[PDB]
Amino acid sequence: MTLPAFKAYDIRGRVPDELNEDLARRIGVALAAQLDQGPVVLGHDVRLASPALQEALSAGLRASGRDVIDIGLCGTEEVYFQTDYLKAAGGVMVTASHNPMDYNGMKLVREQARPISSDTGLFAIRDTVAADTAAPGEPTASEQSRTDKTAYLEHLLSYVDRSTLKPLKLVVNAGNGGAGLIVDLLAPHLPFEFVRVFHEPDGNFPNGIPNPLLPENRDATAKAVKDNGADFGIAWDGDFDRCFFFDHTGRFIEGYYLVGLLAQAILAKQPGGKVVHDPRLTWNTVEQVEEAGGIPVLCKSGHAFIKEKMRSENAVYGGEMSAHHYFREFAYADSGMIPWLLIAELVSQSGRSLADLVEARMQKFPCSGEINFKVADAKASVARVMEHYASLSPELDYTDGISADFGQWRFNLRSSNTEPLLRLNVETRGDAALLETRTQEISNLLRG
Ligand SMILES: [Ca+2]
């Protein structure tokens, strides 16, 4: 067959049958063969098995003559940042994301933190690994421990004017992932009053695997915001490349609205810039970008597509509705830290609460959120939807699945390639009733 752990965009599998130290070592050998010259940055998340997987990567890389820069326990964005900042040949983050306790994985980048994906080197690595029966060589290169975060912290702080920040009270919820370490290193340089929830890194996850999208986990941040009168709350996934916002009422802010909000924050600092966004939910972003003087650039969803498009357009910022925010100055990479710093600055400077910054936008472009449908036949299910609506003559766009614009409402319907699974997003022009009736109509068709 093929090694199942090699996915479209990263490596992910059950330990030890899909991913283990031997495979990790072979991946390091294969990665050395795929990169231009230079050292390789390695970091890892809080999962208990992550360090051993990193050590195996390092052994394979060093056997292949690659100097290894061990940045230690970190966030995925720190591997991206250090790979670019240190002008490394590439980098690997060992991270299991929100997969089960017996899973782990790896995210791999080349120069400037450019993604390595299935069609840009990852399956080449897979095929090399799959055929590698060579004896493990011994190291011919060194490993250096580089735990200085100064340049990374200075870079994060460079997105805000610290003299304009107010002493907001912010709930922070690392979910026992790694975000608290960075929050605590930033805190001496900021005026905020932090309320720390599930703050200590703990790969045993006594409070659940970090995933702020699950209602039980969502509610822990909401409750802390409400009980403490916080201005807003921020939660992260375990490797903290995704952040999640809760307004002063405890309400979780759907990620769609953060794209337009962050674009308007960034466009104040880089006037006339291009902003890349995905096709699932669009109308609010296009309007907010244009109103702020930027140029919106439609792009297929998925971090590799977003990053490539930002590069080709010199786009200052790119944002996906699914809590991914990318910054040109950050090597075009995603950060779960930059967004909350920008939002805290916007609340501080504007005098407006996070709730009021988004309220009118959510009313003007209400959306369904992303709704997933396991179906027996994705192609037949999409066909049923498109047949049902054909007589309305929607404007169709095929940038990412099917987008259908009917005038006062639109949807995007995307099909998973890993399993028969359709993802639906609907939005309307200020009409909650139409949003629900159309969402339910499409849902009935997809389940047919
Ligand atoms: Ca993540």
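We count ligands from 1, going down the list as the structure has it; atoms in each ligand are counted the same way. Note: hydrogens, waters and symmetry copies are ignored here, and every other heavy atom, side chains too, is used. By convention here, the first residue in the shown sequence is residue 1.
- The closest side-chain donor-acceptor pair between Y332 and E308, if any, does not fall under 3.5 angstrom.
- Annotation: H155 is in aromatic contact with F330 [ring centroid separation under 6.0 Å].
- Minimum-distance N/O/S atom of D237 relative to the Ca ion (ligand 1): OD2.
- At a cut-off of 3.5 Å, with distance as the only test, a side-chain donor of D45 or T95 sits close to an acceptor on the other residue.
- Residues satisfying the ring-ring contact (aromatic ring centres under 6.0 Å, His included) criterion with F205, sequence neighbours excluded, are absent altogether.
- Atom OD1 is the N/O/S atom of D239 found closest to the Ca ion (ligand 1).
- Atom OD1 is the N, O or S atom of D241 at the shortest distance from the Ca ion (ligand 1).
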